[PDB]
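Order as written gives the chain letters A, B, C, D, E, F, G, H and I; numbering starts at 1 within each chain.
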Amino acid sequence: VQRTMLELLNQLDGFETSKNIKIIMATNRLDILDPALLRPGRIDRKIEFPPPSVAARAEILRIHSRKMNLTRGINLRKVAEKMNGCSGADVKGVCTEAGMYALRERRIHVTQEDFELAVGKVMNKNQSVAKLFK
Amino acid sequence: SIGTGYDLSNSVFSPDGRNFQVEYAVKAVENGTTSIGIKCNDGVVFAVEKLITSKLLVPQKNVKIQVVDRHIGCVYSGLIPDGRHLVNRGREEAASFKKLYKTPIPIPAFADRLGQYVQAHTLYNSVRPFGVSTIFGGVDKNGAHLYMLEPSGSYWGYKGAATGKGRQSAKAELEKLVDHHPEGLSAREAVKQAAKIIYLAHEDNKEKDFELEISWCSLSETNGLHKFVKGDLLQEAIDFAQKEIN
Amino acid sequence: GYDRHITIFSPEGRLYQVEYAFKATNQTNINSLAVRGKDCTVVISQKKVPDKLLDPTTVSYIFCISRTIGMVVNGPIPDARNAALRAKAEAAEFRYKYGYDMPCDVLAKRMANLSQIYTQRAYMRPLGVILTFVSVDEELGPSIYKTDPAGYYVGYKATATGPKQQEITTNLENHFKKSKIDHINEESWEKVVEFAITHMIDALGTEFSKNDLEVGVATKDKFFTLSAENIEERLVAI
Amino acid sequence: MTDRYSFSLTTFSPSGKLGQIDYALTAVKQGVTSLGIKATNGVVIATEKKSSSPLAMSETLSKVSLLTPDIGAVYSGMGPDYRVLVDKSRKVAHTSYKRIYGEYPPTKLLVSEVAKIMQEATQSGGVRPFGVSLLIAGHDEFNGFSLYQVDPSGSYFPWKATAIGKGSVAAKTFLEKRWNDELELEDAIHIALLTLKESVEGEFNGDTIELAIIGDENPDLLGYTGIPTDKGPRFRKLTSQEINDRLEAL
Amino acid sequence: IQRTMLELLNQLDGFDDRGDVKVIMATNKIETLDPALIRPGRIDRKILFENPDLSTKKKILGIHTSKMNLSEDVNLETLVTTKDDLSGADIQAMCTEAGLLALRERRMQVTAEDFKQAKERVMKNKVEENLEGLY
Amino acid sequence: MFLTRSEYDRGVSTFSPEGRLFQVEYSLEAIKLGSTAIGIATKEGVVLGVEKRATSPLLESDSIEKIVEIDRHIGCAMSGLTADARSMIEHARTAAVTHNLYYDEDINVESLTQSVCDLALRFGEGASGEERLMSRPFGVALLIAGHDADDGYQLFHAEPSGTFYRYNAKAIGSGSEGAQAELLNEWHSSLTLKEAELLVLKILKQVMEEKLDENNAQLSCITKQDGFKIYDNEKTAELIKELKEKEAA
Amino acid sequence: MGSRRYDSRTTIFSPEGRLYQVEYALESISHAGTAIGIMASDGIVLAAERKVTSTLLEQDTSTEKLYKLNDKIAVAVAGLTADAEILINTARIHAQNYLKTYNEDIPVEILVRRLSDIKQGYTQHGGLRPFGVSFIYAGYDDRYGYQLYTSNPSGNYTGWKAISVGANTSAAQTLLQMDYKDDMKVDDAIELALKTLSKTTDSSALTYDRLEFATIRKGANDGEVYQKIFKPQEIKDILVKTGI
Amino acid sequence: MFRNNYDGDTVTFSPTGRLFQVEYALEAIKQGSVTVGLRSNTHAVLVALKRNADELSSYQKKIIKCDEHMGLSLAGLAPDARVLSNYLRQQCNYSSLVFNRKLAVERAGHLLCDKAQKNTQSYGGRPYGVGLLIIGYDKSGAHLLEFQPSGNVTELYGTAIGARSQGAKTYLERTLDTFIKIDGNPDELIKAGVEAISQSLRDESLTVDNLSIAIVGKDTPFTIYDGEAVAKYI
Amino acid sequence: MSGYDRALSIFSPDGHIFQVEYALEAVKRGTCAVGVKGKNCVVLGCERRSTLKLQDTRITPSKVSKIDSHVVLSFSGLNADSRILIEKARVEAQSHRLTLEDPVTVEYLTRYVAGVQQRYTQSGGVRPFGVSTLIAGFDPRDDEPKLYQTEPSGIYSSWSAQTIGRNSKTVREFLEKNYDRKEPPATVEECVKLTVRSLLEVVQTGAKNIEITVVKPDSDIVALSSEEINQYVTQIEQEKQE
């Protein structure tokens, strides 16, 4: 079924196969499957999503932060300086339980203190002196 | 050590602590000629089945025995040449003893040498063990002795001995004989008592004939030196032992 | 490799070979024991005899290497003598060089340290044996030491060895917690012998002769085997 | 005779991490616990033995060992591969430094040459490494008190307060909190002592433990009094009651 | 599936008198997959394609852009080299990547640097080996 | 068994499971994979001949050397490989001068090759009890040739297996059998040097992969008068010249 | 013996025509630390980014990603330090040998073709591994003035301008490939280093304990160069002058 | 069938006890040609035929001098013979300038038997794969011995080896009490010791050059009758 | 593997010996090179694979490598092994000049360094020299030009031109076309424009990459200046006008 779709785009419909159909594709681990598929035939741009930058993560933290509350007393970027390149996907995580931690004690109003907490919630527990190398 | 295992190469203790490259050897000697060693009450005597494998062989021409410096008789079994090797070491080292300490060689300290040269061919990886089962017995001021030899070095001091393809057969008589003689026989009479063995042991191999040879060493008969026996002595024996087994 | 040779460990963090060499020591189903005194020690080793052609004076697991010193082996013989021989040859060195005779401790600081070397450079397989010693030194008194295929040599108050060094000891440590003594009394070289024989037969319950057992005692400028007619002196008890 | 100069351990696996090294220290972690720390005015090292059977004496087997009157060390790993290399080590200090100069060596470089005992073994033909990662403590005059770890490769690190062995990680996780930048000795030994007692069951008898220090000279032990240019041996261990009276304090 | 092979393996050669036919095929890898069906009684020969030579590559691409502007003349002959073992087909990609780079323009304008920005780009994805031993 | 060779090839000094050891025979093949040679017995002289594998038109083919003298009155050809052949030459000619020093006469030829064919058994075992010098055997079938007193005009055929036979004519290369047949039914007992030199070329025009000239074969002669030498191209371009009329029909 | 002691995989080739143990070793380094070395007109520098940074680990007495050879040459080691203290013990003698017979100091092009020729020496002879190492060099002479070199575990040395090694380096060059002029005074070099290292590593916090570097100059007119390894306080000076 | 291991080297016993490589050596000589002989009380003989490659080529040399009071033949590999021969000349030479009470035959076997032993236990090396025949003469008279790579030297009247040999030894066993009773008639036992070699072969023409003999006795020094002087003895 | 004859010893059933053909199968991955001898001159050439403009231009370890005033050496592929052959050749030069009181030939030199490799592939515990080299230069007081090519199997074979390494087969066919044993180039500049032109197919007009010497009678050795080269790189391209 990979052998057919590869040809389904070529030499029988190939005059019009990829004419006006304009596929995309989303994966991980590009370096294990066939090299037949990634090539200019059937593909154009092996483009890439790295983790974000410090400036990126501020935006992405500011945006799942929308609907929370009539908050105050915040500078929501220094958290990004607390937090190295992890993802622009998990930060909703630390954006989430910050509310929960205050929800846990019923103050619907929020604080910077919780962001300091929830950020440390995830990876400090997700953590060998054999440095034979120099 | 059945396959994908350990028996193939030396100095690898199989997990029951064994060198299965060794215990293959004792089957080799078990697949060889017969020979014996007896303690007279005043010395020793040996024997062997020489093996006619053809008609073109000459009596008293190709022995199966060598000898130590002056006294210590030594026999072979299983494989001859590997035996012949260390007997060159036998005559060798005993001269290093004699030149140095100004006397002949005692037999216990002798095995203290020859019971290690073979042991020191067990422990490496790039050698083979001597596929034999040797015997040597002799005389000294402290009396006489007999020593059997196993390739792993498990040499003890016997009064009677055996090897070859006729062990349980032969050694039975050696046990069934000695209990009837706690005295310990003198020399000339144990001879025919032993030739009784070989013309009985060969019962396995009745496809063929054979012959034998004899050793001799005692105080009252050689001053305690080694030699063979000829003339009417052993000829009076071979017919005797052949006479009293029919 | 990793399961055949020695000089490469397992992935785990140990090896497998030498753990076997300890095992061949039990390849003769023999038991032994050794004890102390103010001036005396004892060693013993039950002797088996298959087919009766042997010369039981020639049979021996014991090698009095020198004056002041004594040893007995375990496991098989031929891989023991070479461990005994260079021992004997060594006392022709320490004496000729450092004046006087070897204590045990320097010896079982030495005869082991090369057994370690027999498991770095694997060209020589390690000697298939655990091995003991006895003596009556001058500073520390009658001292015992144990040795082994890899060298955790240790002094002792007493020992136990064979296939059954789990309960023979239990028949012994039972009362060195009671009598409150590493030492043992009845100093003379007889009375301590029956102690060694009575407690083991209490652990075994088998009768003997001079034929099947032996003796070895460390004494000043002395070490030797002897006649074991004193099997009788146990008889007077019950 | 010995036809096996074939270099063991010389086969880099494709990841680049060697084979037996990462297996060798798989032992030392499986081995017993030890430690040794540092202060401003003195040093200490200690561990425990695990006799493993009662009748065996437990004072002849000195796990701690001397190599100079100013240096002393301990391990926790394999035993018989320790007592052989010290005999090389202390021999070196007579040879490589003393006979040629006269003095005893500093410890910026004794450890270096003790490392060279080790890498020459993980690189020649058919030789396993020594299953030990020991540590030494010593005193000098360009640097005074000091401490060093080693490892069966050869990489020596310096340290301040360290454990290696079974539960060392728990101890390294322990020291640094109740440690102090100037924890002088008689509290050091305490925190050191209890630093082990958590790491052990069975019994904590005073005879169970050895330890020692490098402090200040003690020419009551020097014997040959009558020479002002003969300072005291700065190293000296302790017996089993003067440990067992700091122990009654807890 | 084996039965799907047999009759065809049969229908091929079971047919004789191929006065007119040419039953042919092709793939991307054979050296570990196909049977030992090969016999001139069944199949005769086998002919290879693979990566091109430089002068082979030289025939390729102005002819593409012959149907294209080249606002300016940008000496493509020094653009590529035999050392970079391109595909044969990253080059129509090249030819359009630059107009894409003019699709990153209001200018519909041809430039050498656009090709420069492309092969630097596309080969950032393509592999590269270590010149460790300088072998 | 299933694999008699592959399961016992890697053991250089190991006899087969059927008797004839291996790495010698693996060493006895590649002589064919190289380039042929040929030589002939004769009482008024001796001839040798080869090809030279004119690979490209850049190689100055006078520079290649499948042929060389040992001494004044001995010459050797080669085959197969050539890097592994200098060493025997550099040992072989050493004996002749030495024989011309310790004994001061001229050396025989049968007293030579024995001290050449022994040399290629140092691997595994040794010749006169000595242990070993070199890893592997080395494959070049040589063709010595030389006058002497006791026997006159001779040749031998070396072989790394340690064997050698006093052929009266013998070839090398993959074309050996393809021609050695042709010589067997052609070699008489009372021929001349020249017609032999005319003979040998018949094979080279026959066997060779391409049309030959000066720069595709060369030759070398023997005389008790001159000893040993070779033939330059124009001389080679003359025995081939008047070759043809003998095959005009 | 041979059939079971794999002494064959060393010092041999692929069928595709290459080596394994070396392409492994050259890769094996990249698990290790990181260092750089450049060539300013005024003088020379180096640097090293450790990774061993346990807080109680003493990291202030002496150093391990950097060593010396003599009074005018220095290096920046990378590899495993059990395989560094030997050839260095073979290098330091070499200067104390070259002087000892020619009463001058080393033309620095000569010794790297004395150190490389023991690294090569093992990956042809024997069945031994190579030294798993890569070096930097930094030295001065008169028949070439300043210099800088780079080596490998095989034995292939190279002269280079401004280099990184160890980890994550192929971008590091590409992080500076724009920034390297040729004027290059000293105090506009160190700004590149931190601008290099502070954009590639684990934690941008970058405690001084996790950093070492050195320097070379010409401070006495018509005089030798000043070997100076910097020590913590003066390391920390420029560390914060930059404002980080 | 199926592969065996334990052959890879000359050091491993089999599970039974064989040195499986050794037998593969001894394989070659039955795979090789024949060289035989017999004994008189005053004389004793070697004889062996030849091989070739083509008719252009000469034949192999197969019987080799070692002294006047000894000589030998071979059947198998050519190199190993020279090793022993170039070795063997030395001892019969060595005794002739140190004791000059000339070397006897039997002890020669008893030391080169021990040659092969040393080269059949170690690793690095290889077994000399030949079973050769040998003669001699001494105060004890003439003799005849046999060789194997095992080290099993055996003193005998006569013997055959090589391919197609069985009938010839079998002829000899059938013809035993006759050829040896003679003395001073060397040229008649050979006439039985040739038709012996007429047992199993093709030889459809004048075997003039295919064949060679030497002999010694109480008077006869070791000399190899070769060439057409042999042709009468056909 | 002290001794051990690992697989260098093991011949093939085809006849070859694996690790040798493997070697010069590895050599082609390295920088090309070239040699020419004309009427009176001898010429050489190499390349520098493209660096990032950091590969130190001043003291690069180059491909030409002198021996004396009258001999040089160029090579291909591996480099750490190149540096010893260059040493234990010129060693023998200073020696040969001494104990014979007169300098080397070239037919004495190629025999050595082509014979050495055979010992590094017919011995134990040794890997071959994964390298291929050529020699170039005159004998003393002789106008004759000579170059000899040699490769790890140990054979040396003279030439008039030859190329080694990468994409040589893309090149040497150009040279057999132009160069001919008919008639040399006249003199120096003739060989060079012929020499350089042949490279250009693998060159991307990197004039910096390529580096050249010549050799002349009376040992007038010299390397040439990038400007002198580059002004050939262009006028040759000026001739492209068709």
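As a convention for this text, contacts are C-beta pairs under 8 Å (C-beta built on N, C-alpha and C of every residue); 3 or more make two chains touch, one makes a residue touch a chain.
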Seminar exercise, completed: In contact with subunit C and subunit F alike are the chains none
Seminar exercise, completed: Contact tally winner between G-H and D-G is D-G
Problem set entry | Whole-Å gap separating subunit A and subunit B, where each centre is the average of the chain's CA atoms | 85
For this session: Please report how many Å separate the Cα centroid of subunit B from that of subunit C, as a whole number.
Result: 33
Seminar exercise, completed: So, in whole Å, the Cα centroid of subunit E is separated from that of subunit F by 51
Exercise. In whole angstrom, what separates the CA-based centres of subunit A and subunit E?
Worked result: 35
Exercise. Where does subunit H touch two or more other chains at once, residue-wise?
Worked result: 8-9, 123-124
For this session: Note the residues in subunit I that touch 2 or more other chains, in rising order.
Result: 1-2, 4, 8, 26-27, 29, 79-80, 130
Exercise. At which residue positions does subunit D touch at least two other chains?
Worked result: 1-6, 8-9, 25, 125-126, 153, 155, 157
For this session: Mind listing the subunit G positions that touch subunit H in their complex?
Result: 1, 3
Problem set entry | Touch list for subunit B against partner subunit D, complex | 124-126
Seminar exercise, completed: In their shared complex, subunit I is touched by residues of subunit F numbered 5, 9-10, 12, 23, 26-27, 29-30, 32-33, 56-60, 63-64, 81-84, 86-87, 134-136, 138-139
Problem set entry | Residues of subunit D that touch subunit A when the two form their complex | 21-22, 25, 151, 153, 155, 157
For this session: Show which residues of subunit G lie in contact with subunit D when the two form their complex.
Result: 1-2, 5-7, 9-10, 20-21, 24-25, 27-31, 52, 54-58, 61-62, 80-83, 85-86, 126-129, 132
